[PDB]
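Text of start_20.cif (mmCIF, N, CA, C and O atoms) as supplied:
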data_coords
loop_
_atom_site.label_atom_id
_atom_site.label_comp_id
_atom_site.auth_asym_id
_atom_site.auth_seq_id
_atom_site.Cartn_x
_atom_site.Cartn_y
_atom_site.Cartn_z
N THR A 3 -3.06 -8.81 11.54
CA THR A 3 -1.79 -9.40 11.01
C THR A 3 -1.58 -9.24 9.50
O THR A 3 -0.47 -9.48 9.03
N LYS A 4 -2.59 -8.83 8.75
CA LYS A 4 -2.35 -8.21 7.41
C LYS A 4 -1.95 -6.74 7.54
O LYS A 4 -1.16 -6.23 6.77
N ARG A 5 -2.48 -6.06 8.55
CA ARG A 5 -2.06 -4.71 8.88
C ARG A 5 -0.54 -4.58 9.17
O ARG A 5 0.12 -3.72 8.63
N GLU A 6 -0.01 -5.48 10.00
CA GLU A 6 1.43 -5.52 10.36
C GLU A 6 2.29 -5.93 9.16
O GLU A 6 3.38 -5.41 8.94
N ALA A 7 1.78 -6.84 8.36
CA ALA A 7 2.40 -7.21 7.07
C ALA A 7 2.59 -6.05 6.09
O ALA A 7 3.67 -5.85 5.52
N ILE A 8 1.55 -5.26 5.89
CA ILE A 8 1.69 -4.06 5.09
C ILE A 8 2.71 -3.14 5.68
O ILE A 8 3.53 -2.57 4.97
N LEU A 9 2.67 -3.01 6.98
CA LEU A 9 3.54 -2.06 7.70
C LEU A 9 5.01 -2.40 7.53
O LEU A 9 5.83 -1.56 7.19
N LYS A 10 5.32 -3.67 7.77
CA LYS A 10 6.69 -4.14 7.70
C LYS A 10 7.22 -3.83 6.32
O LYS A 10 8.23 -3.14 6.14
N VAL A 11 6.47 -4.30 5.34
CA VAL A 11 6.92 -4.19 3.97
C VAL A 11 7.11 -2.74 3.58
O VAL A 11 8.07 -2.41 2.91
N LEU A 12 6.22 -1.86 4.00
CA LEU A 12 6.38 -0.45 3.70
C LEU A 12 7.62 0.14 4.36
O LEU A 12 8.25 1.06 3.83
N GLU A 13 7.93 -0.37 5.55
CA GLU A 13 9.03 0.13 6.35
C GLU A 13 10.36 -0.24 5.70
O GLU A 13 11.32 0.50 5.83
N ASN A 14 10.39 -1.37 4.98
CA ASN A 14 11.54 -1.73 4.12
C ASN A 14 11.82 -0.81 2.93
O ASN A 14 12.73 -1.09 2.19
N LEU A 15 11.05 0.23 2.68
CA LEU A 15 11.26 0.99 1.45
C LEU A 15 12.17 2.14 1.72
O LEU A 15 12.06 2.75 2.75
N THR A 16 13.04 2.47 0.78
CA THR A 16 13.87 3.66 0.93
C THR A 16 12.87 4.78 0.86
O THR A 16 11.80 4.58 0.32
N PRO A 17 13.19 5.96 1.41
CA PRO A 17 12.18 7.04 1.38
C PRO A 17 11.87 7.51 -0.04
O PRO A 17 10.87 8.23 -0.26
N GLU A 18 12.71 7.13 -0.98
CA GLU A 18 12.49 7.47 -2.37
C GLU A 18 11.54 6.45 -2.94
O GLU A 18 10.61 6.76 -3.66
N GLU A 19 11.76 5.20 -2.58
CA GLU A 19 10.88 4.14 -3.01
C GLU A 19 9.48 4.34 -2.44
O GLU A 19 8.50 3.85 -3.00
N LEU A 20 9.39 5.09 -1.34
CA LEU A 20 8.14 5.30 -0.66
C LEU A 20 7.38 6.37 -1.38
O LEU A 20 6.29 6.11 -1.86
N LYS A 21 7.94 7.56 -1.50
CA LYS A 21 7.25 8.60 -2.23
C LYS A 21 6.69 8.03 -3.53
O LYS A 21 5.55 8.32 -3.90
N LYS A 22 7.46 7.18 -4.21
CA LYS A 22 7.00 6.68 -5.49
C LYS A 22 5.80 5.78 -5.28
O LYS A 22 4.81 5.89 -6.00
N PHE A 23 5.89 4.91 -4.28
CA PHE A 23 4.82 4.01 -3.93
C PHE A 23 3.55 4.77 -3.61
O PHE A 23 2.47 4.43 -4.10
N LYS A 24 3.68 5.79 -2.78
CA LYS A 24 2.55 6.59 -2.43
C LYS A 24 1.99 7.30 -3.64
O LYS A 24 0.78 7.43 -3.79
N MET A 25 2.87 7.77 -4.50
CA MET A 25 2.40 8.61 -5.59
C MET A 25 1.60 7.75 -6.52
O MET A 25 0.51 8.13 -6.95
N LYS A 26 2.06 6.54 -6.79
CA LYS A 26 1.30 5.75 -7.72
C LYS A 26 0.08 5.01 -7.15
O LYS A 26 -0.91 4.79 -7.84
N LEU A 27 0.09 4.71 -5.88
CA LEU A 27 -1.10 4.20 -5.22
C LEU A 27 -2.24 5.18 -5.35
O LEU A 27 -3.40 4.80 -5.47
N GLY A 28 -1.91 6.46 -5.31
CA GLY A 28 -2.91 7.47 -5.42
C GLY A 28 -3.52 7.57 -6.79
O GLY A 28 -4.39 8.39 -6.99
N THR A 29 -3.08 6.78 -7.75
CA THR A 29 -3.75 6.81 -9.05
C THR A 29 -4.43 5.50 -9.42
O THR A 29 -4.95 5.34 -10.51
N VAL A 30 -4.42 4.53 -8.53
CA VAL A 30 -4.94 3.27 -8.89
C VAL A 30 -6.45 3.36 -8.92
O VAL A 30 -7.05 3.90 -8.00
N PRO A 31 -7.07 2.83 -9.97
CA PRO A 31 -8.53 2.83 -9.95
C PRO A 31 -9.05 1.78 -8.97
O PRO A 31 -8.39 0.78 -8.72
N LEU A 32 -10.25 2.02 -8.46
CA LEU A 32 -10.79 1.26 -7.34
C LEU A 32 -12.15 0.67 -7.66
O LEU A 32 -12.91 1.22 -8.44
N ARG A 33 -12.44 -0.46 -7.03
CA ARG A 33 -13.74 -1.06 -7.07
C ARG A 33 -14.77 -0.04 -6.69
O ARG A 33 -14.53 0.83 -5.87
N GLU A 34 -15.92 -0.16 -7.29
CA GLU A 34 -17.06 0.67 -6.98
C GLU A 34 -17.39 0.68 -5.50
O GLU A 34 -17.54 -0.38 -4.85
N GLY A 35 -17.60 1.90 -5.01
CA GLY A 35 -18.03 2.15 -3.65
C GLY A 35 -16.86 2.57 -2.77
O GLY A 35 -17.04 2.87 -1.59
N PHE A 36 -15.64 2.54 -3.33
CA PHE A 36 -14.49 2.97 -2.60
C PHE A 36 -14.00 4.24 -3.19
O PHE A 36 -14.17 4.48 -4.38
N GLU A 37 -13.38 5.05 -2.35
CA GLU A 37 -12.95 6.38 -2.74
C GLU A 37 -11.42 6.52 -2.68
O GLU A 37 -10.76 5.92 -1.82
N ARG A 38 -10.84 7.28 -3.62
CA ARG A 38 -9.43 7.56 -3.56
C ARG A 38 -9.18 8.51 -2.44
O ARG A 38 -10.04 9.28 -2.05
N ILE A 39 -8.00 8.39 -1.89
CA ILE A 39 -7.49 9.34 -0.94
C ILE A 39 -6.69 10.34 -1.73
O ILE A 39 -5.82 9.97 -2.48
N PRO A 40 -7.01 11.61 -1.59
CA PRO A 40 -6.21 12.58 -2.33
C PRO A 40 -4.70 12.50 -1.99
O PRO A 40 -4.32 12.35 -0.81
N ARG A 41 -3.87 12.60 -3.05
CA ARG A 41 -2.39 12.55 -2.97
C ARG A 41 -1.72 13.49 -1.95
O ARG A 41 -0.64 13.18 -1.43
N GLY A 42 -2.36 14.62 -1.66
CA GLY A 42 -1.86 15.56 -0.68
C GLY A 42 -1.96 15.00 0.71
O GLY A 42 -0.97 14.93 1.46
N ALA A 43 -3.17 14.60 1.07
CA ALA A 43 -3.44 13.95 2.35
C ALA A 43 -2.51 12.75 2.50
O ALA A 43 -1.91 12.50 3.54
N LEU A 44 -2.36 12.03 1.41
CA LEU A 44 -1.52 10.87 1.39
C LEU A 44 -0.09 11.20 1.79
O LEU A 44 0.54 10.46 2.54
N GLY A 45 0.40 12.35 1.32
CA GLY A 45 1.81 12.71 1.43
C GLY A 45 2.23 13.05 2.83
O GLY A 45 3.29 12.68 3.28
N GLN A 46 1.38 13.75 3.55
CA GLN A 46 1.68 14.03 4.93
C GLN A 46 1.22 12.91 5.88
O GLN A 46 0.72 13.18 6.95
N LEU A 47 1.41 11.65 5.50
CA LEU A 47 1.06 10.52 6.37
C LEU A 47 2.29 9.67 6.61
O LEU A 47 2.94 9.22 5.66
N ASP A 48 2.62 9.44 7.88
CA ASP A 48 3.65 8.48 8.22
C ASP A 48 3.21 7.04 7.89
O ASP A 48 2.05 6.75 7.61
N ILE A 49 4.16 6.13 7.98
CA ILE A 49 3.98 4.79 7.49
C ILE A 49 2.83 4.10 8.19
O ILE A 49 2.12 3.30 7.60
N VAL A 50 2.67 4.38 9.46
CA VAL A 50 1.75 3.64 10.28
C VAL A 50 0.36 4.15 9.96
O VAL A 50 -0.56 3.36 9.82
N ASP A 51 0.23 5.47 9.86
CA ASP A 51 -1.03 6.08 9.53
C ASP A 51 -1.43 5.79 8.10
O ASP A 51 -2.58 5.64 7.79
N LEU A 52 -0.46 5.71 7.23
CA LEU A 52 -0.72 5.33 5.87
C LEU A 52 -1.31 3.94 5.89
O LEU A 52 -2.28 3.66 5.25
N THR A 53 -0.71 3.06 6.64
CA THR A 53 -1.14 1.69 6.63
C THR A 53 -2.57 1.57 7.11
O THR A 53 -3.41 1.00 6.43
N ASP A 54 -2.85 2.18 8.25
CA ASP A 54 -4.19 2.19 8.82
C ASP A 54 -5.21 2.86 7.97
O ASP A 54 -6.34 2.40 7.86
N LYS A 55 -4.81 3.96 7.36
CA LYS A 55 -5.73 4.66 6.53
C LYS A 55 -6.15 3.79 5.35
O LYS A 55 -7.33 3.78 4.96
N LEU A 56 -5.22 3.02 4.78
CA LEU A 56 -5.61 2.13 3.70
C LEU A 56 -6.57 1.07 4.15
O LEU A 56 -7.54 0.78 3.46
N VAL A 57 -6.25 0.46 5.29
CA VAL A 57 -7.10 -0.55 5.86
C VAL A 57 -8.48 0.04 6.25
O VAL A 57 -9.46 -0.62 6.15
N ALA A 58 -8.55 1.28 6.72
CA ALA A 58 -9.85 1.87 7.06
C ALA A 58 -10.61 2.10 5.78
O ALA A 58 -11.82 1.91 5.77
N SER A 59 -9.93 2.56 4.74
CA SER A 59 -10.63 2.93 3.53
C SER A 59 -11.12 1.72 2.71
O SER A 59 -12.26 1.72 2.19
N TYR A 60 -10.26 0.72 2.59
CA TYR A 60 -10.45 -0.38 1.65
C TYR A 60 -10.65 -1.74 2.26
O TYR A 60 -10.97 -2.66 1.57
N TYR A 61 -10.50 -1.86 3.58
CA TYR A 61 -10.50 -3.13 4.32
C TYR A 61 -9.23 -3.92 4.06
O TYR A 61 -8.51 -3.69 3.10
N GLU A 62 -8.98 -4.88 4.93
CA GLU A 62 -7.66 -5.48 5.06
C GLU A 62 -7.24 -6.24 3.80
O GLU A 62 -6.12 -6.12 3.36
N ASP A 63 -8.17 -6.99 3.22
CA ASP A 63 -7.83 -7.86 2.10
C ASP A 63 -7.54 -7.03 0.85
O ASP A 63 -6.44 -7.12 0.26
N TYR A 64 -8.48 -6.14 0.54
CA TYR A 64 -8.34 -5.23 -0.59
C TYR A 64 -7.13 -4.33 -0.47
O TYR A 64 -6.43 -4.06 -1.44
N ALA A 65 -6.90 -3.84 0.73
CA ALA A 65 -5.81 -2.95 0.95
C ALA A 65 -4.50 -3.69 0.62
O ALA A 65 -3.57 -3.13 0.05
N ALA A 66 -4.44 -4.97 0.97
CA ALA A 66 -3.25 -5.73 0.70
C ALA A 66 -3.13 -6.00 -0.78
O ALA A 66 -2.05 -5.89 -1.34
N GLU A 67 -4.24 -6.32 -1.42
CA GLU A 67 -4.22 -6.49 -2.87
C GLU A 67 -3.72 -5.24 -3.56
O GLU A 67 -2.83 -5.28 -4.42
N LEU A 68 -4.24 -4.12 -3.14
CA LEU A 68 -3.81 -2.91 -3.73
C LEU A 68 -2.29 -2.75 -3.63
O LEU A 68 -1.63 -2.43 -4.62
N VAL A 69 -1.76 -2.98 -2.44
CA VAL A 69 -0.35 -2.73 -2.13
C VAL A 69 0.57 -3.63 -2.95
O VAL A 69 1.53 -3.20 -3.57
N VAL A 70 0.21 -4.91 -2.95
CA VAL A 70 0.88 -5.87 -3.75
C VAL A 70 0.94 -5.38 -5.17
O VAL A 70 1.95 -5.45 -5.81
N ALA A 71 -0.19 -4.89 -5.65
CA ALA A 71 -0.31 -4.58 -7.04
C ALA A 71 0.56 -3.38 -7.28
O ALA A 71 1.29 -3.35 -8.25
N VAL A 72 0.54 -2.40 -6.39
CA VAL A 72 1.35 -1.23 -6.67
C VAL A 72 2.83 -1.58 -6.61
O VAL A 72 3.63 -1.03 -7.36
N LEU A 73 3.18 -2.51 -5.72
CA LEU A 73 4.54 -3.03 -5.70
C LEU A 73 4.90 -3.76 -6.99
O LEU A 73 5.82 -3.33 -7.67
N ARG A 74 4.19 -4.84 -7.35
CA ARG A 74 4.43 -5.52 -8.64
C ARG A 74 4.61 -4.52 -9.79
O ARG A 74 5.57 -4.56 -10.53
N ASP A 75 3.71 -3.56 -9.87
CA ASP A 75 3.83 -2.52 -10.86
C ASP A 75 5.13 -1.78 -10.65
O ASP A 75 5.67 -1.25 -11.58
N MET A 76 5.63 -1.69 -9.42
CA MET A 76 6.99 -1.14 -9.17
C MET A 76 8.15 -2.12 -9.45
O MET A 76 9.31 -1.77 -9.27
N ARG A 77 7.82 -3.35 -9.82
CA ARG A 77 8.82 -4.41 -10.05
C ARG A 77 9.57 -4.80 -8.77
O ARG A 77 10.53 -5.55 -8.81
N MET A 78 9.11 -4.32 -7.62
CA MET A 78 9.65 -4.76 -6.34
C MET A 78 9.00 -6.06 -5.90
O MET A 78 8.27 -6.09 -4.92
N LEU A 79 9.28 -7.15 -6.61
CA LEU A 79 8.48 -8.36 -6.43
C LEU A 79 8.96 -9.34 -5.33
O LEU A 79 8.27 -10.32 -5.03
N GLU A 80 10.09 -9.06 -4.70
CA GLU A 80 10.41 -9.78 -3.46
C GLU A 80 9.43 -9.32 -2.38
O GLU A 80 8.72 -10.14 -1.77
N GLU A 81 9.39 -8.00 -2.17
CA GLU A 81 8.49 -7.38 -1.19
C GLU A 81 7.03 -7.67 -1.52
O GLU A 81 6.23 -7.92 -0.62
N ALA A 82 6.69 -7.65 -2.80
CA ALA A 82 5.38 -8.10 -3.25
C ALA A 82 5.04 -9.54 -2.83
O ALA A 82 3.94 -9.82 -2.32
N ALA A 83 5.98 -10.46 -3.05
CA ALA A 83 5.71 -11.87 -2.83
C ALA A 83 5.67 -12.14 -1.35
O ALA A 83 4.89 -12.96 -0.88
N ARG A 84 6.50 -11.42 -0.62
CA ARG A 84 6.52 -11.55 0.83
C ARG A 84 5.12 -11.23 1.37
O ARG A 84 4.51 -12.04 2.08
N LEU A 85 4.62 -10.06 1.00
CA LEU A 85 3.30 -9.63 1.42
C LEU A 85 2.24 -10.59 0.91
O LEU A 85 1.33 -10.99 1.63
N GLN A 86 2.36 -10.94 -0.36
CA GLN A 86 1.42 -11.85 -0.99
C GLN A 86 1.29 -13.10 -0.12
O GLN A 86 0.17 -13.48 0.25
N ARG A 87 2.43 -13.72 0.20
CA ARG A 87 2.44 -14.96 1.00
C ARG A 87 1.95 -14.65 2.41
O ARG A 87 1.15 -15.39 2.97
N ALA A 88 2.42 -13.53 2.95
CA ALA A 88 1.99 -13.01 4.26
C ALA A 88 0.48 -12.77 4.38
O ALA A 88 -0.02 -12.67 5.47
N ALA A 89 -0.22 -12.69 3.25
CA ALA A 89 -1.70 -12.69 3.21
C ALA A 89 -2.27 -13.93 2.48
O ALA A 89 -2.37 -15.02 3.05
#
How would this structure read if it were set down as structure tokens?
Amino acid sequence: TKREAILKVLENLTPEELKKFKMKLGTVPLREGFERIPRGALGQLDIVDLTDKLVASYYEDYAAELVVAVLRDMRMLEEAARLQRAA
């Protein structure tokens, strides 16, 4: 149910808002022991696979923190707060 929360919120993004979201998530520095997903692999991922891939890579809590943070950094803070509260 954090997985579905990420999904919903991502699905609310215009496809322009999405590319941007994806592009900047791919530059966020990560806690030790976690690996970035290369931006190319990232780009050819639909919303659902993107969501799962984040959760597989970073686990549910971290993945949500990451997303929130990339959103806040996008100033999309309704969607940020929704997810935030949703987790």
Inset, instruction - Identify which of the residues A:63, A:41, A:84, A:78 lies closest to residue A:29, counting only N, CA, C and O atoms when measuring atom-to-atom distances. - result: A:41
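With atom N of residue A:74 on one side and atom N of residue A:86 on the other, the separation reads 9.5 Å.
Among the candidates A:7, A:73, A:82, A:56, the residue lying nearest to residue A:19 is A:73 (atoms considered: only C-alpha atoms).
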Inset, instruction - as a ChimeraX atom specification, list the residues of chain A assigned to helix (DSSP H, G or I) by DSSP on the backbone atoms of this structure. - result: /A:4-13,17-27,41-45,49-60,62-76,79-88
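Candidate residues A:62, A:37, A:72, A:8 were compared for distance to residue A:24, and the nearest is A:72, using only C-alpha atoms.
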